[PDB]
Amino acid sequence: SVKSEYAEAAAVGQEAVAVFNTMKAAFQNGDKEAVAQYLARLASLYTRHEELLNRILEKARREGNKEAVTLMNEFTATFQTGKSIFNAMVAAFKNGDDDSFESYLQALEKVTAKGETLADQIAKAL
């Protein structure tokens with residue numbers, strides 16, 4: 001079902017949460033080699049989550065589930081906000097700009113925290 005697909009997509013999102021919080025500890029400790037690897041892992045995780053979400057939104061559209069489509073439009077938009085901040089973070093790491101990396105990291109945390117009530121609302125809607 002689209003609901004199990006959303007639970008499967010949510011689990012991937014939570015994997016990225018885990019690798020992010022590990023990445024944050026490594027950044028604070030100055031273990032740049034670990035950070036590089038975690039950033040690659042996150043890129044792969046976010047790329048998968050985005051594709052899953054897009055499939056869920058298409059299926060909800062084909063099913064005519066207007067409320068779920070509304071929420072998935074809202075949530076996917078926020079996803080891109082978090083994604084763009086992530087990409088700027090990766091660029092800050094490449095550039096050696098730890099001040100920017102810290103800024104983007106905190107912003108990505110807040111964008112993620114805000115979007116959680118909506119994430120829960122989608123599970124119930126599908």
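List the residue pairs whose Cβ atoms are under 9 Å apart, where the first residue sits in the range 28-47 and is over 20 Å from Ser103 (Cβ atoms) and touching a residue at least 12 places away in the same chain (Cβ under 8 Å), the second is charged (D, E, K, R) and assigned to a helix (DSSP H, G or I), and the two are 6 or more positions apart or on different chains.
Pairs found: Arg41/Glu15; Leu45/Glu15.
Please identify the pairs in which a residue from the range 2-18 that is within 15 Å of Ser44 (Cβ to Cβ) and without any contact (Cβ under 8 Å) to a residue 40 or more places away in the chain has its Cβ atom under 9 Å from the Cβ atom of a residue that is hydrophobic (A, V, I, L, M, F, W, C) and in a helix (DSSP H, G or I), counting only partners at least 6 apart or on another chain.
Partner pairs satisfying both residue conditions: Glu15/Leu45; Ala16/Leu42; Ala16/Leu45.
Could you please give the count of residues in the range 107-122 that are surrounded by 13 or more Cβ atoms within 10 Å (Cβ to Cβ) and either more than 11 Å from the chain's Cα centre (by Cα) or in a helix (DSSP H, G or I) (or both)?
Counting residues in the range 107-122 that are surrounded by 13 or more Cβ atoms within 10 Å (Cβ to Cβ) and either more than 11 Å from the chain's Cα centre (by Cα) or in a helix (DSSP H, G or I) (or both) gives 9.
Could you tell me whether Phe86 is more than 14 Å from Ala125 (Cβ to Cβ), buried (at least 17 other Cβ atoms within 10 Å of the Cβ) and more than 18 Å from the chain's Cα centre (by Cα)?
The answer is no for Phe86.
What do you reckon, is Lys59 closer than 14 Å to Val2 by Cα and surrounded by 13 or more Cβ atoms within 10 Å (Cβ to Cβ)?
Spelling it out, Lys59 is indeed closer than 14 Å to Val2 by Cα and surrounded by 13 or more Cβ atoms within 10 Å (Cβ to Cβ).
Values quoted throughout were computed directly from the atomic coordinates according to the rules given, and no laboratory measurement underlies them. Cβ coordinates were reconstructed from backbone atoms using ideal geometry, including for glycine residues, and neighbour counts include every protein chain displayed.
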